[PDB]
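Take a look at the letters that make up each chain.
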Amino acid sequence: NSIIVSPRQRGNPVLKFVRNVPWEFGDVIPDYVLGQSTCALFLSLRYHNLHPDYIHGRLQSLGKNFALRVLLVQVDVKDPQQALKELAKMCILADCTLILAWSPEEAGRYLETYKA
Amino acid sequence: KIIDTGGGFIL
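Residues numbered from 1 in each chain as written, not as in the entry; some residues may be left out. Chains lettered and ligands numbered in written order. Heavy atoms only, no water.

The name recorded for chain A in the PDB entry is DNA excision repair protein ERCC-1, from Homo sapiens. This entry appears in the Protein Data Bank under the title "Solution structure of a ERCC1-XPA heterodimer".

Chemist: Before we move on, can you summarise the overall build of chain A with the specific residues and values?
Modeler: In terms of regular secondary structure, chain A is built from four helices and six strands. Tracing chain A from N to C terminus, the helices and strands come up as β-β-β-β-α-α-β-α-β-α. Computed over C-alpha atoms, the radius of gyration of chain A comes to 13 Å, within 12% of the 13 Å expected from 2.2 N^0.38 for 116 residues, which places it in the range of a compact globule. Taking the principal axes of the C-alpha coordinates as reference, chain A spans close to 35 × 30 × 20 Å. Per-residue burial over chain A gives 47% buried out of 116 residues. Excluding contacts between residues fewer than 6 apart, the proportion of contacts in chain A whose partners are at least 24 apart in sequence is 67%. For chain A, the accessible area works out to roughly 6,300 Å², and carbon and sulfur atoms hold 54% of it. Between the centroid of the 13 positive side chains of chain A and the centroid of its 11 negative side chains there is a distance of 1 Å. (Helix = DSSP H or I, 4+ residues; strand = E, 2+ residues; numbered from the N terminus. Rg over C-alpha atoms; globule rule 2.2 N^0.38 Å. Buried < 20%, exposed > 50% of the residue type's maximum accessible area, 1.4 Å probe, protein only. Contact = heavy atoms within 4.5 Å. Areas by Shrake-Rupley, 256 points an atom, 1.4 Å probe, with all protein chains shown as cover. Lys, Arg positive; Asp, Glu negative; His and termini not counted. Charge placed at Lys NZ, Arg CZ, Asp CG, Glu CD.)

Chemist: How would you sum up the pattern of salt bridges? Please name residues and give values.
Modeler: Residue and element names in this part refer to chain A. Following the criterion strictly, the structure yields two salt bridges over all chains and no others. The shortest N-O distance in the salt bridge between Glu112 and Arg19 comes to 4.0 Å. Remark: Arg19 occurs in the loop between β1 (4–5) and β2 (24–25) and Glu112 occurs in helix α4 (residues 104–115); sequence separation between them is 93 residues. Given a relative accessible area of 5%, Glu112 falls into the buried group. Residue class for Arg19 comes out partly exposed when judged on its relative accessible area of 49%. A salt bridge links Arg58 to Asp31, with the shortest nitrogen-to-oxygen separation between them at 3.3 Å. You can see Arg58 sitting in helix α2 (residues 54–62) and its partner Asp31 sitting in the loop between β2 and β3 (32–35), a full 27 residues away along the chain. The class for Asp31 is buried, based on a relative accessible area of 0%. (Salt bridge = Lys/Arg side-chain N within 4 Å of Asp/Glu carboxyl O.)

Chemist: Give a description of empty space enclosed by the protein that names residues and reports values.
Modeler: Residues and elements named next belong to chain A. Tallying each qualifying case throughout the model produces one cavity of 30 Å³ or more. In this structure, the largest cavity encloses a volume near 40 Å³. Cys39, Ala40, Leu41, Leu59, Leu62, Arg69, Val70, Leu71 and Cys96 are the residues that line the largest cavity. Broken down by secondary-structure element, the contributors of at least two residues to the lining of the largest cavity are β4 (38–43), α2 and β5 (68–74). Residues that form the lining of the largest cavity fall into these classes: eight nonpolar, no polar and one charged. (1 Å grid on protein atoms, 1.4 Å probe; cavity = no way out; pocket = protein on both sides within 12 Å on 5 of 7 lines; lining within 4 Å. Points joined across faces, edges and corners; volume = space filled by probe spheres on them. Nonpolar A, V, L, I, M, F, W, Y, C, P; charged D, E, K, R; others polar.)

Chemist: Could you give me a rundown of the interface of chain A and chain B, with the residues and numbers involved?
Modeler: Listed as interface residues are 16 residues of chain A and, on the opposing side, eight residues of chain B. Summing both sides of the interface, chain A and chain B together bury roughly 780 Å²; the carbon and sulfur share of this comes to 60%. Along the contact surface separating chain A from chain B lie zero salt bridges. Inspection of the region where chain A meets chain B yields four residue pairs in polar contact. (Buried area = accessible area lost by both parts, 1.4 Å probe. Polar contact = N/O pair within 3.5 Å; in protein donor to acceptor, adjacent residues only side chain to side chain.)

Shown next as structure tokens:
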């Protein structure tokens, strides 16, 4: 409602740009619950190298509980193309949206906008 | 610090 994030998403400075809308930590499967069946997942790619498959294992956990599924991606790495390609293939099968940010503020913006 | 926990995000 006024968002629900996972306490496993703390630390992440993107929460610092979630200023225009109210948000709070809740125990939910996805990273952010934005509506009764809309939910997002954050994957900082740079971290994507450091132990990946987690984003893959993260979508199977979510399964199908939310209608609008979205993947917030922070492009914090040069020459990202390669990964985006294999991540996108994953999203069509998972039928979730692929969104691209490049800063912790930009993604933070993407959150105020989906609840707005 | 550098304690990358879990959550698709570098820490």
